[PDB]
Amino acid sequence: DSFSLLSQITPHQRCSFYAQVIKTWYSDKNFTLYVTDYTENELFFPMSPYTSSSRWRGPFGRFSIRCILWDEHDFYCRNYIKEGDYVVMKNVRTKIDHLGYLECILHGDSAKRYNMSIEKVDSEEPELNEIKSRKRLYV
DNA sequence: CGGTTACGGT
């Protein structure tokens, strides 16, 4: 395995990356994260700063990806991963939604076939240094 | 195998 920047991922592959969590949304069916590493991907949604009433404060344009967490991923993260946390996501699956946008999915995997995981990354870990340096450019 | 659209703020 190896890590990718978000600018480097493509649909229908397995990948791993470090990212900052911008937004979380829990539902009765799953847990959703919106994450960024401040690199651009042509298949990300172009987030608009002109929206009336959004709590989104950036990044704007094609800089964030939605991650849908199911089952044990959902139950583990839903009361744990917070807006602002840094995460490392390993061996997650990518797909394209019905409108053509890249999305990341963590399906239940009782059978431990894929060694898929998400964990919180301490803010001071040097692995996060490029994320922080790129974030400055947009800040 | 789910769930839909960049909000909502549960």
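Just so you know, these numbers use all the heavy atoms, side chains as well, and skip hydrogens, waters and symmetry mates. A note on names: the letters A, B, ... follow the listed sequences, proteins ahead of strands, and every chain is numbered from 1.
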- Message: List the residues meeting side chain to side chain contact (heavy atoms under 4.5 Å, CB included) with A:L137, not counting sequence neighbours, and say none if there are none.
- Response: none
- Message: Rounding to an integer number of Å, can you tell me how far A:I22 CD1 sits from B:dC7 P?
- Response: 13 Å
- Message: Give me the distance, rounded to whole Å, that separates B:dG8 from B:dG3 when you measure between the P atoms they each carry.
- Response: 22 Å
- Between CZ of A:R113 and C1' of B:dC1 the distance, given in whole Å, is 16 Å
- Query: With sequence neighbours excluded, what pairs up with A:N115 under the side chain to side chain contact (heavy atoms under 4.5 Å, CB included) test?
  - Reply: A:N91
- Query: Tell me: CE of A:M116 to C1' of B:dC1, nearest whole Å?
  - Reply: 13 Å
- Message: Without decimals, in angstroms, what is the distance between A:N41 CG and B:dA6 P?
- Response: 19 Å
- Query: What integer distance in Å separates A:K23:NZ from B:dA6:P?
  - Reply: 10 Å
- To the nearest angstrom, how far is A:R66 atom CZ from B:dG3 atom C1'? 9 Å
- Message: The side chain of A:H98 is closest to which nucleotide in this list: B:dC7, B:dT4, B:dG3?
- Response: B:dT4
- Query: In residues 25-36 of chain A, which ones come under 4.0 Å of DNA chain B, going by heavy atoms?
  - Reply: A:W25, A:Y26, A:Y34
- Do the side chains of A:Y101 and A:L5 join up, straight or via other hydrophobic residues, at under 4.5 Å, putting them in one cluster? no
- Item | Side-chain heavy atoms of A:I118 within contact of A:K90, under 4.5 Å | no
- Using whole Å, report how far CG of A:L43 lies from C1' of B:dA6. 15 Å
- Message: ring-ring contact (aromatic ring centres under 6.0 Å, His included) for A:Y18 and A:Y86? Distances and angles first, verdict last.
- Response: CA-CA 7 Å; A:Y18 288 85; A:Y86 299 92; 9.7 Å; no
- Message: Determine whether the aromatic ring of A:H107 stacks with the base of B:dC1, defined as ring centroids separated by less than 5.5 Å and ring planes inclined by less than 30°.
- Response: yes
- Query: Between A:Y101 (OH) and B:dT4 (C1'), how many Å, whole number?
  - Reply: 13 Å
- Message: Counting distance alone, no hydrogens or angles: does the base of B:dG3 have a donor or acceptor under 3.5 Å from a partner atom on the side chain of A:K95?
- Response: yes
- Around A:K29, counting heavy atoms of other residues, nucleotides and ligands shown, do more than 12 lie under 6.0 Å from its NZ? no
- Query: Is there a donor and acceptor pair, one atom on the side chain of A:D97 and one on the base of B:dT5, closer than 3.5 Å?
  - Reply: yes
- Message: Enumerate the salt bridge (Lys or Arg N to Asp or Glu O under 4.0 Å) contacts for residues 100-112 of chain A, please, sequence neighbours excluded, ordered by first and then second residue.
- Response: A:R66-A:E103
- Stretch residues 69-88 of chain A: residues that reach within less than 4.0 Å of DNA chain B through a heavy atom: A:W70, A:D71
- Query: Can you tell me how far the CG atom of A:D71 sits from the NE2 atom of A:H107, to the nearest 0.5 Å?
  - Reply: 9.5 Å
- When the nearest nucleotide of DNA chain B is assigned to A:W56 and to A:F45 on a heavy-atom basis, which residue is associated with the more 5' position? A:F45
- Partner set under ring pair (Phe, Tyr, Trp, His ring centres under 6.0 Å) for A:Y80, not counting sequence neighbours: A:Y76
